[PDB]
Amino acid sequence: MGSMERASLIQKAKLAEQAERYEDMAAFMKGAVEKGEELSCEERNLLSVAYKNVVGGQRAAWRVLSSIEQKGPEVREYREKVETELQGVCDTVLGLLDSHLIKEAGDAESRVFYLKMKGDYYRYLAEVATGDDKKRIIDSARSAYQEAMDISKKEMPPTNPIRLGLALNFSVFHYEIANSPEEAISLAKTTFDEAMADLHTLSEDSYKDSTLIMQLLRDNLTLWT
Amino acid sequence: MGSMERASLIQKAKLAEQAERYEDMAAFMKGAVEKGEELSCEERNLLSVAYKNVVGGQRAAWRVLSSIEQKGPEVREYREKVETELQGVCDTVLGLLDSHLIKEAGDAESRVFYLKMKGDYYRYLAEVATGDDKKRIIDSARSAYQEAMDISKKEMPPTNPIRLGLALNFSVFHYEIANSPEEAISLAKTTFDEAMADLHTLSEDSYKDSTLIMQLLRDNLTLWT
Amino acid sequence: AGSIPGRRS
Amino acid sequence: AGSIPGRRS
Ligand SMILES: *Cc1ccc(S(=O)(=O)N2CCCc3cc(Cl)ccc32)cc1
Ligand SMILES: *Cc1ccc(S(=O)(=O)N2CCCc3cc(Cl)ccc32)cc1
Ligand SMILES: [Cl-]
Ligand SMILES: [Cl-]
Ligand SMILES: [Cl-]
Ligand SMILES: [Cl-]
Ligand SMILES: [Mg+2]
Ligand SMILES: [Mg+2]
């Protein structure tokens with residue numbers, strides 16, 4: 001995408017989302033990041049939407065194949081093929097975050113957003129990991145989420161939607177990856193309750209966003225308890 | 001796919017469908033066709049499912065983009081990009097049919113199936129065509145569907161599901177491509193009525209298949225009248 | 001309108 | 001369970 005203007009890449013990412021062409025969307029956003037400039041709030045959301053959809057589809061396919069495999073070499077080979085492609089996308093996202101989105105992000109909102117992404121893509125790698133590096137992959141996710149949590153608690157109100165989504169995802173990490181369901185439940189409960197107590201400060205539109213994510217926290221708590 | 005066994009390609013196409021990985025499915029089926037052997041009934045359905053899904057997604061994206069365009073160069077450029085990829089897939093399918101699926105298909109069921117596909121992929125090309133060859137693309141679809149119709153009427157009962165699906169798709173061609181809505185309605189009506197009159201000959205399972213496609217004919221007739 | 005689907009569903 | 005979606009929907 002090196003020959004396309006930054007603004008054209010952003011425009012085409014928005015078109016690709018409307019057309020449900022998420023692989024294209026991700027390629028346009030990778031090209032935009034590689035222009036070397038920081039991303040605005042809207043642009044960070046385009047980047048996240050694109051890769052979350054791509055990897056989300058790979059994860060769903062890997063789960064179908066892994067279930068068939070658990071129940072000739074073809075099933076294992078094909079699961080391995082999908083797994084390698086998933087790992088490749090996660091590595092690409094982590095590479096964008098490391099070169100150089102995180103290091104240039106100084107405002108709390110941008111830095112937390114990117115560290116939450118970093119935790120998420122290490123979490124997706126952990127979902128498929130089995131080898132000598134599995135513990136290290138899990139700890140890489142934990143470390144990214146933890147740094148994001150520490151910044152969010154110092155710099156953002158308890159209803160901030162990035163802070164809430166981070167806590168949601170870190171709670172999923174605890175439950176599904178780290179084998180720490182009590183930590184997951186405690187984080188989700190404390191996050192929900194501290195957000196509830198700050199809703200009175202919000203406008204109607206901020207209220208809607210915070211309560212939307214609070215409902216996701218509650219949905220998980222209902223599933224886990 | 002030249003180094004993978006035919007049977008492994010077929011197996012992986014079935015897995016790819018279960019995992020909703022239709023691009024993979026199509027690549028596995030292209031590899032199977034390129035082994036040079038004829039396809040069984042089940043294998044013909046895998047080939048059709050794979051490419052119909054891939055091109056169906058491209059068509060939906062092209063329609064979103066074409067609508068935005070109709071309402072800088074970026075929208076047109078991106079619509080053109082999706083259009084070129086759609087044309088490439090249609091050309092690939094038509095190439096498989098021409099080298100050498102159709103020429104080796106002697107039984108009415110196989111030959112009609114492939115000629116129906118040929119009509120469909122020329123129809124998809126016609127949906128996006130605007131240049132000097134647009135009339136020729138339309139006539140190529142017409143010619144393929146017509147040959148399939150002629151064989152089906154001589155060799156298959158009026159309830160045969162391939163005959164019914166062919167008539168359904170050719171009726172869509174008449175309405176949406178050829179600007180012949182009366183021909184479309186007449187074909188759908190006569191097909192429906194002749195199938196109705198032959199349902200008494202069918203087992204429960206054949207009845208279910210024929211009536212499923214008859215309902216699609218009826219749904220179009222309701223939309224068109 | 002609608003053409004034939006790839007599978008019965 | 002569920003993680004954050006890419007868009008509000
Ligand atoms: C991780 C995270 C990312 C973005 C937001 S948000 O900007 O507040 N927003 C935009 C798209 C995703 C989303 C989803 C919900 Cl349920 C609420 C708000 C948003 C929050 C968290
Ligand atoms: C064009 C066409 C292809 C296949 C068939 S079928 O084998 O009878 N069958 C299999 C999958 C698609 C389908 C859809 C319906 Cl509604 C009914 C039967 C089938 C028929 C026509
Ligand atoms: Cl494979
Ligand atoms: Cl900065
Ligand atoms: Cl483009
Ligand atoms: Cl033959
Ligand atoms: Mg420039
Ligand atoms: Mg062999």
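What you see below is based on every heavy atom in this structure, not just the backbone, and it leaves out hydrogens, waters and symmetry mates. Below, read A as the first sequence line, B as the second, and so on, with proteins coming before strands; counting in each chain starts at 1.
- Annotation for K30(A): atom NZ does not count as buried by contact number, only 12 or fewer foreign heavy atoms lying within 6.0 Å.
- In this structure, the side chains of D24(B) and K81(A) come closer than 4.5 Å at one or more pairs of heavy atoms.
- Note that the CD atom of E5(A) and the CD atom of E74(B) stand 9.0 Å from one another [nearest 0.5 Å].
- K12(A) approaches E77(B) most closely through the heavy-atom pair NZ-OE1, 2.8 Å.
- Taking every heavy atom of both residues into account, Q11(A) and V75(B) meet most closely at OE1-CG2, 4.1 Å.
- The parts of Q18(B) that come within reach of chain A are both its backbone and its side chain, each placing non-hydrogen atoms under 4.5 angstrom from that chain.
- When all heavy atoms of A61(A) and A19(B) are compared, the closest pair comes out as CB-O, 3.7 Å.
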